Visitor: 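I have a structure here, written as C-alpha coordinates, and I will follow up with some questions on it.
Every heavy atom of this structure was used, including side-chain atoms; hydrogens, water molecules and symmetry mates were not. The first residue in the sequence is number 1, and the count goes up from there.
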Amino acid sequence: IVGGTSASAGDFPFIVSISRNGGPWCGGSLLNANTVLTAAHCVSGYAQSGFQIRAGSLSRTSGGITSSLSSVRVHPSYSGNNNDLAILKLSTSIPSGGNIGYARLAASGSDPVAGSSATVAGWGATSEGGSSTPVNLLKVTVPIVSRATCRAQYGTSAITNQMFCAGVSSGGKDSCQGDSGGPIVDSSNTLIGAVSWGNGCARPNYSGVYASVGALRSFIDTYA
(Lines give C-alpha, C1' and ligand atoms only; values in the text may rest on other atoms or scores of the structure.)
Protein backbone atom coordinates (compact mmCIF):
# COMPACT_ATOMS: atom_id res chain seq x y z
CA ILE A 1 0.00 0.00 0.00
CA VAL A 2 1.35 3.43 -1.04
CA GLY A 3 0.22 6.47 0.89
CA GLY A 4 -1.54 4.46 3.53
CA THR A 5 -1.90 4.26 7.27
CA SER A 6 -1.53 1.46 9.80
CA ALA A 7 -4.53 -0.81 10.16
CA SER A 8 -5.93 -1.23 13.69
CA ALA A 9 -6.69 -4.52 15.38
CA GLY A 10 -10.07 -5.73 14.24
CA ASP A 11 -9.94 -3.84 10.93
CA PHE A 12 -10.64 -6.04 7.90
CA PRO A 13 -11.40 -9.14 10.15
CA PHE A 14 -11.69 -11.35 7.05
CA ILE A 15 -8.32 -10.40 5.55
CA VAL A 16 -5.66 -13.03 5.12
CA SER A 17 -2.02 -12.75 4.21
CA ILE A 18 -0.74 -15.31 1.71
CA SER A 19 2.90 -16.36 1.76
CA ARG A 20 4.62 -18.35 -0.98
CA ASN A 21 7.72 -20.40 -0.24
CA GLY A 22 7.77 -18.77 3.22
CA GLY A 23 8.00 -15.21 1.84
CA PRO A 24 5.45 -12.47 1.30
CA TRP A 25 3.32 -12.85 -1.80
CA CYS A 26 -0.21 -11.60 -1.75
CA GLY A 27 -3.44 -11.02 0.22
CA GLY A 28 -6.92 -12.55 0.22
CA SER A 29 -10.33 -12.54 1.83
CA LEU A 30 -11.78 -15.25 4.07
CA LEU A 31 -15.25 -16.08 2.73
CA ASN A 32 -16.13 -18.87 5.17
CA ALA A 33 -14.22 -21.31 7.35
CA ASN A 34 -12.55 -23.21 4.48
CA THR A 35 -12.47 -20.69 1.63
CA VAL A 36 -10.32 -17.75 0.59
CA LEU A 37 -10.87 -15.40 -2.35
CA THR A 38 -7.72 -14.04 -3.97
CA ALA A 39 -6.53 -12.85 -7.39
CA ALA A 40 -6.07 -15.60 -9.97
CA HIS A 41 -2.64 -14.29 -10.90
CA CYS A 42 -1.48 -14.91 -7.32
CA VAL A 43 -1.98 -18.67 -7.68
CA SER A 44 -2.37 -19.62 -11.32
CA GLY A 45 0.48 -21.64 -12.67
CA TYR A 46 2.19 -22.16 -9.36
CA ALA A 47 2.66 -25.20 -7.15
CA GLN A 48 -0.12 -25.08 -4.55
CA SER A 49 2.16 -26.53 -1.86
CA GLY A 50 4.08 -23.27 -1.77
CA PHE A 51 1.23 -21.28 -0.24
CA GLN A 52 0.17 -20.62 3.33
CA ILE A 53 -2.66 -18.40 4.52
CA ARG A 54 -2.66 -16.48 7.84
CA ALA A 55 -5.85 -15.03 9.34
CA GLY A 56 -6.53 -12.99 12.47
CA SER A 57 -3.26 -11.04 12.72
CA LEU A 58 -2.02 -7.62 11.73
CA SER A 59 1.29 -9.37 11.02
CA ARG A 60 1.91 -11.42 7.92
CA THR A 61 4.70 -13.35 9.64
CA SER A 62 3.30 -14.28 13.03
CA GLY A 63 0.13 -14.66 15.09
CA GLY A 64 -3.38 -15.62 14.15
CA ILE A 65 -4.30 -18.94 12.52
CA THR A 66 -2.65 -20.56 9.50
CA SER A 67 -3.64 -23.03 6.86
CA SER A 68 -2.19 -24.73 3.80
CA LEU A 69 -4.24 -25.18 0.64
CA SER A 70 -6.29 -28.20 -0.37
CA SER A 71 -7.28 -26.90 -3.80
CA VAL A 72 -7.20 -23.89 -6.13
CA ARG A 73 -9.89 -22.91 -8.68
CA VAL A 74 -9.37 -19.95 -11.01
CA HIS A 75 -12.27 -18.22 -12.74
CA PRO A 76 -12.92 -20.26 -15.92
CA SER A 77 -12.36 -17.17 -18.09
CA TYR A 78 -9.21 -15.96 -16.34
CA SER A 79 -6.53 -14.62 -18.63
CA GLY A 80 -3.77 -12.22 -17.68
CA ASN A 81 -5.46 -9.15 -16.24
CA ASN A 82 -9.06 -10.28 -17.00
CA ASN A 83 -11.40 -12.21 -14.68
CA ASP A 84 -8.64 -12.17 -12.06
CA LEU A 85 -10.18 -14.15 -9.18
CA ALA A 86 -9.53 -17.56 -7.65
CA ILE A 87 -11.10 -19.61 -4.89
CA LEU A 88 -8.74 -21.36 -2.49
CA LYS A 89 -9.90 -24.22 -0.29
CA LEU A 90 -8.13 -24.51 3.04
CA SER A 91 -6.70 -27.67 4.56
CA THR A 92 -7.48 -26.32 8.05
CA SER A 93 -10.82 -24.62 8.70
CA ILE A 94 -10.66 -21.18 10.35
CA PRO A 95 -13.48 -20.24 12.74
CA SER A 96 -14.88 -16.75 13.04
CA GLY A 97 -14.61 -14.97 16.37
CA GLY A 98 -12.23 -12.52 17.97
CA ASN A 99 -10.36 -10.66 15.20
CA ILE A 100 -11.44 -13.16 12.52
CA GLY A 101 -14.62 -12.77 10.50
CA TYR A 102 -15.95 -13.54 7.04
CA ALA A 103 -16.45 -11.15 4.11
CA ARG A 104 -19.81 -9.87 2.92
CA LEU A 105 -19.86 -9.82 -0.89
CA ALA A 106 -21.19 -7.32 -3.43
CA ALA A 107 -24.26 -8.55 -5.28
CA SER A 108 -24.30 -10.14 -8.72
CA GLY A 109 -24.86 -7.36 -11.24
CA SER A 110 -23.46 -4.56 -9.03
CA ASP A 111 -20.73 -2.11 -10.14
CA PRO A 112 -18.98 0.47 -7.91
CA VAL A 113 -20.12 4.05 -8.60
CA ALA A 114 -17.55 6.67 -9.63
CA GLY A 115 -16.46 8.97 -6.82
CA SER A 116 -17.62 6.65 -4.05
CA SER A 117 -15.09 5.95 -1.31
CA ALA A 118 -13.29 2.61 -1.13
CA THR A 119 -10.67 1.22 1.24
CA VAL A 120 -7.94 -1.23 0.22
CA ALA A 121 -5.53 -3.06 2.52
CA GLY A 122 -2.46 -5.24 2.35
CA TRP A 123 1.14 -6.00 3.13
CA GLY A 124 2.60 -4.92 -0.20
CA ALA A 125 5.35 -2.43 -0.86
CA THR A 126 4.96 1.18 0.55
CA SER A 127 6.91 2.63 -2.37
CA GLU A 128 6.55 1.74 -6.02
CA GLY A 129 9.60 -0.45 -6.34
CA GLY A 130 10.25 -0.79 -2.63
CA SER A 131 12.99 -3.26 -1.26
CA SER A 132 11.18 -4.25 1.86
CA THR A 133 7.63 -4.94 2.69
CA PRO A 134 5.85 -4.12 5.93
CA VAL A 135 5.19 -6.75 8.57
CA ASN A 136 1.95 -5.09 9.66
CA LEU A 137 -1.14 -4.43 7.58
CA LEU A 138 -1.64 -1.04 5.94
CA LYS A 139 -4.79 0.50 4.45
CA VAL A 140 -5.65 3.45 2.20
CA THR A 141 -8.87 5.11 1.10
CA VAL A 142 -9.29 6.05 -2.55
CA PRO A 143 -12.27 7.01 -4.74
CA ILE A 144 -13.70 4.84 -7.46
CA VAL A 145 -12.67 6.01 -10.96
CA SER A 146 -15.25 5.59 -13.71
CA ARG A 147 -14.66 2.79 -16.13
CA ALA A 148 -14.76 5.36 -18.98
CA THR A 149 -11.96 7.42 -17.37
CA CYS A 150 -9.97 4.27 -16.64
CA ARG A 151 -10.36 3.26 -20.32
CA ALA A 152 -9.04 6.66 -21.34
CA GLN A 153 -5.97 5.94 -19.16
CA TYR A 154 -5.30 2.33 -20.18
CA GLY A 155 -7.17 1.74 -23.43
CA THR A 156 -10.71 0.76 -24.24
CA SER A 157 -10.12 -2.98 -24.48
CA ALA A 158 -7.74 -3.05 -21.49
CA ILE A 159 -10.46 -2.34 -18.90
CA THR A 160 -13.24 -4.92 -19.06
CA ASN A 161 -16.64 -5.07 -17.45
CA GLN A 162 -15.11 -7.44 -14.85
CA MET A 163 -12.69 -4.76 -13.66
CA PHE A 164 -13.20 -1.49 -11.85
CA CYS A 165 -10.75 1.26 -11.03
CA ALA A 166 -9.83 3.38 -8.02
CA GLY A 167 -7.22 6.01 -7.29
CA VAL A 168 -6.53 9.73 -7.13
CA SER A 169 -5.79 11.60 -10.36
CA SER A 170 -2.64 13.17 -8.99
CA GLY A 171 -1.48 9.85 -7.62
CA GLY A 172 0.04 9.02 -4.30
CA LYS A 173 -2.47 6.51 -2.90
CA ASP A 174 -2.74 2.98 -4.26
CA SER A 175 -2.25 -0.72 -3.83
CA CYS A 176 1.10 -2.06 -5.07
CA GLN A 177 3.18 -5.21 -5.56
CA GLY A 178 2.43 -7.67 -2.77
CA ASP A 179 -1.10 -6.32 -2.26
CA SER A 180 -2.53 -8.44 -5.09
CA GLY A 181 -5.53 -10.50 -4.16
CA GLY A 182 -6.33 -8.54 -1.03
CA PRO A 183 -9.57 -6.72 -0.39
CA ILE A 184 -11.06 -3.46 -1.48
CA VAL A 185 -14.34 -2.64 0.34
CA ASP A 186 -16.97 0.04 -0.19
CA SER A 187 -18.37 2.55 2.27
CA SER A 188 -20.73 -0.10 3.69
CA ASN A 189 -17.69 -2.44 4.30
CA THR A 190 -18.93 -4.78 1.56
CA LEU A 191 -16.17 -6.56 -0.35
CA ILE A 192 -16.30 -5.11 -3.86
CA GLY A 193 -13.00 -6.30 -5.32
CA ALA A 194 -9.58 -7.80 -5.12
CA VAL A 195 -6.32 -5.97 -5.92
CA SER A 196 -5.43 -6.97 -9.48
CA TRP A 197 -3.13 -4.82 -11.67
CA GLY A 198 -2.05 -1.36 -12.75
CA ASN A 199 0.66 0.65 -14.48
CA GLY A 200 3.15 1.04 -11.64
CA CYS A 201 1.70 2.15 -8.30
CA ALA A 202 0.12 5.41 -7.27
CA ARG A 203 1.09 7.15 -10.50
CA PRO A 204 -0.87 10.16 -11.65
CA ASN A 205 -3.34 9.29 -14.33
CA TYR A 206 -3.04 5.49 -13.96
CA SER A 207 -5.67 4.14 -11.58
CA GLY A 208 -5.37 0.91 -9.70
CA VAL A 209 -7.39 -1.83 -11.37
CA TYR A 210 -9.42 -4.29 -9.32
CA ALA A 211 -11.22 -7.54 -10.09
CA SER A 212 -14.94 -6.93 -9.57
CA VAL A 213 -16.70 -9.18 -7.05
CA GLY A 214 -20.09 -8.02 -8.37
CA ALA A 215 -19.21 -9.06 -11.87
CA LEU A 216 -17.74 -12.43 -10.84
CA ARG A 217 -20.19 -13.31 -8.05
CA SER A 218 -21.65 -16.30 -9.83
CA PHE A 219 -18.23 -18.02 -9.92
CA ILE A 220 -17.64 -17.16 -6.28
CA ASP A 221 -21.01 -18.55 -5.20
CA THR A 222 -20.57 -21.74 -7.15
CA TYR A 223 -17.39 -22.70 -5.35
CA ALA A 224 -17.47 -20.90 -2.01
Side-chain angles (χ1 to χ4, degrees), residues 14-21 25-53 55 67-94 102-112 118 120-122 124 144-145 147-148 150-151 154-166 175 177-186 190-199 207-224:
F14 63 85
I15 197 171
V16 301
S17 57
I18 306 184
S19 62
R20 185 183 171 206
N21 305 314
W25 188 248
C26 71
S29 297
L30 194 64
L31 301 189
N32 59 57
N34 74 328
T35 309
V36 166
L37 184 70
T38 190
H41 78 263
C42 287
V43 293
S44 184
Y46 302 130
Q48 285 189 23
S49 62
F51 296 102
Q52 180 182 86
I53 287 18
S67 182
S68 312
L69 302 186
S70 58
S71 70
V72 174
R73 185 182 297 272
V74 306
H75 189 282
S77 296
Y78 171 58
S79 183
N81 304 159
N82 197 24
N83 306 315
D84 190 16
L85 291 179
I87 290 285
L88 317 183
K89 296 292 175 173
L90 301 187
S91 304
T92 305
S93 296
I94 303 186
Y102 303 137
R104 295 181 297 95
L105 305 176
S108 177
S110 67
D111 188 12
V120 61
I144 303 300
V145 172
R147 189 170 295 98
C150 204
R151 284 172 173 156
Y154 286 97
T156 299
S157 293
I159 310 301
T160 72
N161 285 3
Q162 305 79 234
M163 298 173 192
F164 70 89
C165 301
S175 53
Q177 280 47 66
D179 291 318
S180 287
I184 181 166
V185 298
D186 70 11
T190 301
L191 183 67
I192 54 166
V195 175
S196 181
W197 67 278
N199 188 31
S207 301
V209 192
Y210 296 84
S212 177
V213 167
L216 299 171
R217 177 68 184 278
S218 299
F219 165 71
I220 298 168
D221 291 354
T222 297
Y223 296 103

Visitor: With no hydrogens and no angle check, just 3.5 Å: does a side-chain donor-acceptor pair link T35 and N32?
Guide: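 Distance-only check passes for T35 and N32.
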Visitor: Does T92 offer a backbone N or O that forms a donor-acceptor pair with the side chain of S67 under 3.5 Å?
Guide: yes
Visitor: Side chain of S91, backbone of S68: donor and acceptor closer than 3.5 Å?
Guide: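 The answer is yes, because a donor-acceptor pair under 3.5 Å joins these two groups.
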Visitor: Quick one, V43 with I18, criterion side chain to side chain contact (heavy atoms under 4.5 Å, CB included). Give me CA distance, side-chain angles, the key distance, then yes/no.
Guide: CA-CA 10 Å; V43 293; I18 306 184; 5.7 Å; no
Visitor: For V74, does its backbone N or O pair with a side-chain atom of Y223 as donor and acceptor, under 3.5 Å?
Guide: no
Visitor: Taking the six-membered ring for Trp, is the centroid-to-centroid distance between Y102 and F14 below 6.0 Å?
Guide: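 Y102 vs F14: aromatic centres not under 6.0 Å.
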Visitor: Is there a side-chain contact between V16 and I94 in this structure, where contact means two heavy atoms from C-beta onward sitting under 4.5 Å apart?
Guide: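 Not in contact.
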Visitor: Does atom CZ (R73) have a neighbourhood of more than 12 heavy atoms from anything else shown, all under 6.0 Å?
Guide: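 No.
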Visitor: Just wondering, do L31 and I87 contact through their side chains at under 4.5 Å, heavy atoms?
Guide: yes
Visitor: Distance alone, cut at 3.5 Å: any donor-acceptor contact between the side chains of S77 and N83?
Guide: no
Visitor: For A40, is there any backbone N or O sitting under 3.5 Å from a side-chain donor or acceptor partner on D84?
Guide: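 Checked: pair present.
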Visitor: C165-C150 sulfur separation below 2.5 Å?
Guide: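 Yes - the two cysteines, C165 and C150, have SG atoms within less than 2.5 Å of each other.
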Visitor: Using atom types as modelled, flag every donor-acceptor pair under 3.5 Å from a side chain in residues 105-112 to any protein atom, sequence neighbours excluded.
Guide:
residue : atom : partner : partner atom : Å
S110    : OG   : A107    : O            : 2.7
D111    : OD1  : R147    : NH2          : 2.9
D111    : OD2  : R147    : NH1          : 2.9

Visitor: Test side chain to side chain contact (heavy atoms under 4.5 Å, CB included) on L30 and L90; report intermediate values, then the result.
Guide: CA-CA 10 Å; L30 194 64; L90 301 187; 4.0 Å; yes
Visitor: Would you kindly say whether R151 and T156 are connected by a side-chain donor-acceptor distance under 3.5 Å?
Guide: no
Visitor: Do the side chains of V120 and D179 get nearer than 4.5 Å, heavy atoms only?
Guide: no
Visitor: Does the plane of the ring in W25 sit parallel, tilted or perpendicular to the ring in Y46? Use 30° and 60° as the thresholds.
Guide: perpendicular
Visitor: Quick one: does any side-chain atom of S29 pair with a main-chain N or O of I15 as donor and acceptor, under 3.5 Å?
Guide: no
